[PDB]
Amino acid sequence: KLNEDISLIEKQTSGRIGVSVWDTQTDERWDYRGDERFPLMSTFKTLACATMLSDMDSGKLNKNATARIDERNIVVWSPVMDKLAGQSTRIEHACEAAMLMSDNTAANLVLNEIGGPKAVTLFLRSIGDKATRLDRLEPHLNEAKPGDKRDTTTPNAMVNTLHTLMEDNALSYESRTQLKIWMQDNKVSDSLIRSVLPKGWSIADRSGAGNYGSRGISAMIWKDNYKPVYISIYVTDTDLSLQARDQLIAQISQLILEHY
């Protein structure tokens, strides 16, 4: 009764909820507004780092490539890169900061090295994601204005793309392994799926928050004896506080995890 439960929760908000689940053990798929657009917010960081790794794989970017952090470019929430003004950092280390800490200056540095939002969107189209579009840098991409297609994805597209990145040949073994470790090591999403994840499950995730009371998460969960389950949960156009959005994602996660 997942559809009924999510519909009840959605009706309690003034906004829209989007969920997508692909269980690769049972091969069952399920979605709620799975093909509707929602803001990417920081969930794009996985996709910028996948593009950077794909560039390293083909030799288009050196594995030890560096870029300078300029003080004028330090943006909101840069807990790792705000110590590095006037210094050079490895682009690999900037992706680590973007993935583990959601560092915005780090994510912008990666974008600026690889050809920006247009290059990330081209990489996504090249791997079969027809819907996701990255248009702006941090923090402008968090606008999440209803009706604005910039910096959006769909719950189904994020599930499909994460599955492609982990199980198809979009990235080399070393690159998809590094991307999975960065997602497992994520330090900023403890209040979301992780807060209600049963014992026995590993998780690799990436979350985001935005304006218009928005929140989202893209994740994969698995066990040694259970093939990965890809999940997208997005909420937008609400008047919810950040703590309330976290509770909403946790409560939706509880509903999905119940049948296990």
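Numbering starts at 1 and runs along the sequence shown.
S.K.: Between 23-31 and 190-198, which has the larger average Cα B-factor in the PDB entry?
M.R.: For C-alpha atoms only, the mean B-factor is higher in 23-31.
S.K.: Quick one: higher average CA temperature factor, 122-130 or 77-85?
M.R.: Taking the mean B-factor of the alpha carbons in each, 77-85 is higher.
S.K.: When the CA B-factors of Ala67, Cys49, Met41, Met220 are compared as recorded in the entry, which is the largest?
M.R.: Of the candidates given, the C-alpha B-factor peaks at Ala67.
S.K.: Would you mind finding, among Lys180, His93, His140, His163, the residue with the largest C-alpha temperature factor in the entry?
M.R.: Across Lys180, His93, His140, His163, the entry lists the biggest C-alpha B-factor for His140.
S.K.: Test of reading the entry: by CA B factor among the chain's modelled residues, which third contains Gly115?
M.R.: Middle third of the chain for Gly115's C-alpha B-factor.
S.K.: Would you please rank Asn225 by its C-alpha temperature factor against the other modelled residues of its chain and give the third it falls in: lowest, middle or highest?
M.R.: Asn225: CA B-factor falls in the highest third of its chain.
S.K.: Pull the Cα B-factor of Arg37 out of the PDB entry and bin it into the chain's lowest, middle or highest third.
M.R.: CA B-factor rank for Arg37: middle third.
S.K.: Against its chain's modelled residues, does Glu71's Cα B factor rank lowest, middle or highest third?
M.R.: Answer is highest: the recorded C-alpha B-factor places it there.
S.K.: For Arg215, return the chain-relative third of its C-alpha B-factor as stated in the PDB record: lowest, middle or highest.
M.R.: According to the entry, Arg215 has a C-alpha B-factor in the chain's middle third.
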